[PDB]
């Protein structure tokens, strides 16, 4: 296994790669100019110490900001339209707030809450102009709840956890499928077109479970309400015993790993470090030597396809969070 020192060095290598190729307007080196290519940029580069590069992304994001606090364009990927439209918005809010861009995050978080379903506590999956039926998913709700934490809107975070709690206990067939979406009225949306994770198979989408586990663990730390800890503990046990191991192998397993590392610092259970260390080590070995993570690229490239840039900035963040909670976990418990 690799140590938190080595998980961190892998994070700083990718963060160096990004800063080397950042555009003068602040955009990260994406082959296509879309918001889903750099929405984790402010947060990731801040945790890596590249604050001027993170502030540059904040300048690029601010110049794209609409009067209502949203960035509806440039968007291309289908998932950032009607699957989890607020995935970009949630990371933008956290990254702007930790940077001290209080005007940016306040406007981003204001719009995020305009998407909240007051009847259920979830957040709408499709953007204002995107066709949809008002469905709310676990990813939009957990990332908005996490963004609610960093901005101090704890009541919104609490209402988001109620949605995830109701979504968990409403699972009709949890051993075979995880329905990560509810309709606009609070019922678990078991429709064919709704996101549903095939648990016993190896077909990705695990972060629809891992990100709620991350959010719920953070809200527990914020509140020490055991209801949030028990629900996060269930989701982790669910992904460990009931889920196919691809839940900890697929590219979206970093959310589970961050949650396990957080849970280890908060509980001291050794299996949480096991899941956290194995996931963090797994992502380290996949890193290209130039710093970036990618699926098809292997050479000294000057830019990346939008999915690889986002994955690269996402792994700077996940390896850092896992590394700092494993390090603090040993100090506290061991």
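Residue numbers count along the first chain shown, from 1.
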*Can you tell me which stretch has the higher mean Cα B-factor, 25 to 33 or 40 to 48?*
25 to 33
*When the C-alpha temperature factors are averaged for each of 210 to 218 and 182 to 190, which stretch ends up with the higher value in the entry?*
182 to 190
*Per the PDB entry, maximal CA B factor within 115, 154, 119, 83*: 119
*Which one of 97, 126, 200, 107 shows the biggest C-alpha B-factor in the PDB entry?*
200
*Ranked C-alpha temperature factor of residue 62 among modelled chain residues, by third*: lowest
*How does residue 250 rank on Cα B-factor within its chain, lowest, middle or highest third?*
highest
*asked:* When the deposited Cα B-factors of this chain's modelled residues are ordered and cut into thirds, is residue 334 in the lowest, the middle or the highest one?
replied: highest
_residue 169 - Cα temperature factor, lowest/middle/highest third of chain_ = highest
*Would you please rank residue 307 by its C-alpha temperature factor against the other modelled residues of its chain and give the third it falls in: lowest, middle or highest?*
middle
